[PDB]
Structure formats: structure tokens, C-alpha cells
Amino acid sequence: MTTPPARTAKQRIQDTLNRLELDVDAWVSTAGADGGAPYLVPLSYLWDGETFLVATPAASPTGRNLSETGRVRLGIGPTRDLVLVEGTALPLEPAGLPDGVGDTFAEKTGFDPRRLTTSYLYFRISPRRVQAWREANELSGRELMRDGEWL
Amino acid sequence: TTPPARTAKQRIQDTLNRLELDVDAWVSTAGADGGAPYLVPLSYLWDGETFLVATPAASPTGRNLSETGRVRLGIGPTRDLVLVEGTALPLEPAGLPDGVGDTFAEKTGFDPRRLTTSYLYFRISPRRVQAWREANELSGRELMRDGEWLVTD
């Protein structure tokens, strides 16, 4: 076993899409609206090929930060074979979520916010930047998406 | 199969082993001006008491750490996670305690003291730690609060 050469954007994108399809959990990094207030939690996600869907209690720090700021970073994969997403989050009421999407979320993740009595929100997160890199080798071409578009 | 939920004493020992073993952490920070999250993995050294990370002073992480002093760390593989909330203080490469720079370099593979780019080390004092595996361990996941490991009364 050795270190593979820096990836072609094409091969990195393929690897990145496979990862997003396979993994169930992401590190979800947010910040308080009032400054110097980082927050980090793991959440299960549903990826559909263009946006992520997650769910958290509306009153959780994360819920509040996604609701109040709309800004999120996702860390997915091993730290030496990572996918980092900068995204924008919009809240969705469980009661309004399309039936099939709700069902798919619950099949993928093993829980269903619609049935929980604690007030949850779903958040649909639209990727704006995506970085993927293993090693220093791959820092330079790490940006795979900028402004919602694969490069 | 899903093993029964670990006790607090065994979780703590397992958590300490994980901290001693893993090389990298997901380092979560925020800008001073609000709604500005930042996330990146960095290498760390854990000594049983504090974490030590190093980054260019001018990196987004370095700037957030310097300006805000607050950090969250996500450590461990899938469904065996450790989540740390901590406060961070800077150490110049020339102001490390004796022996620490060497230990850091051996653990991580790089030595800020020998690089031209201006690095800071940050020493992170944990205040809260949570650790859990499957859903059955959501209960009992908090292992440190207010800077003290939790020991049953």
C-alpha cells in the first residue's frame, strides 16, 4: 500500500458522490448568531444527489443556529479521506414535509421526526462549496464545487 | 450485535484510550462576528489533561481560536464518537513547555518550530465531554461537565 497521486477532479467527484451515498452521519458545525459561539454535533443525513436533509429539535443549539443564521459546515468521511461541505440551510416543518421524502428520510436514518412529540425541524441544506482531499498532495485541487456547481 | 450501554467508568477509560490513539480531530470554531462557522480536521496531541493543536496564526482556525478562545472537537470513527467542548489559549513555538514540541512532532508528523510560516499552538482545556456509540448510549453520554470527569456519587 502507498499514497495515491492527487486526484483528477473527475475521479474526486466520483469518489465524493460515492461517499455521500454510503455514509449515514455527518459532523454538523454551526455558530451562534451573536458571535464566538461554535457548536458541533453529529447528525444523520439523507442525500438525494443534490441536497442534504437532516432533522434536529427546533430549540437545540443546532436547530437555533440553522434557523437563525442558515449557515452550516458538514464534515463527512474519515479525516484522511474527507468531504467538507459549506452549505445554506432552510427549515421545514414536519407536518408539511412531502410524505415520500419523510418516509425516505426515516428508512435511511432510522428515525422519523413526524412521529416525535418533541418539536423537530427538518433542514434542507444546499451545498455551495465542497472540498475533498486526502493529503497535502490534494489541498490545491480540493475545491470540487464552488457556488453550487461541480468543477 | 449492539452491545449493552457502557457504564460511565468504562466509557471514560474507553474515551481516554481513544484520545490517546487517534491522531486527528474535527475542529469546530466560529468567527467573532456571528453566524460564521468553520470546520476542518487538524492533528492533535492529548496528554491526559489538555489537547494541543497547531495551525498558522493567520488560518481561519487560528484566528477564530485567538479571537474567541472557544472550540469544539469531534473525535473518533463512525458511531464511536467523542465530542469535546473546550477553551483554547495560544502558545508560541518558542514558548512551549520543555519536551512538548518533540512529543507533538512525534505524534503528528510535523514540527511548527521548524517551519517558516508563523504557527501558533493552542492548548485546549476540556470543559465538557460526551461519548457514545449506538442510540442505546445516548443515555449516559455525558462524561465530563465543568471540567471534571463524572464519577458516580
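Just so it is clear: chains get the letters A, B, ... in the order the sequence lines come, proteins before strands, and each one is counted from 1. Note that these values count all heavy atoms, side chains included, but never hydrogens, waters or copies made by symmetry.
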For B:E92, does the CD atom sit with more than 12 other heavy atoms under 6.0 Å from it, leaving out its own atoms?
-> no
Go through A:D34, A:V41, A:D25 and name the one with the most non-hydrogen pairs under 4.5 angstrom from chain B.
-> A:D25
Contacts of residues 48-56 of chain B with chain A (heavy atom under 4.5 Å) = none
Where do B:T78 and A:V24 land on the side chain to side chain contact (heavy atoms under 4.5 Å, CB included) test, with the steps shown first?
-> CA-CA 9 Å; B:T78 302; A:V24 176; over 6 Å; no
Measure across A:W27 and B:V82 and return the closest heavy-atom pair with its distance rounded to 0.1 Å.
-> CH2-O, 4.1 Å
Of all heavy-atom pairs between B:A30 and A:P38, which one has the smallest distance, and what is that distance?
-> CB-N, 3.6 Å
Which heavy-atom pair separates A:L74 from B:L39 by the least distance, and what is that distance?
-> C-CD2, 4.0 Å
Given a strict heavy-atom distance threshold of 4.5 Å, which part of B:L42 is in contact with chain A: side chain, backbone, both, or neither?
-> neither
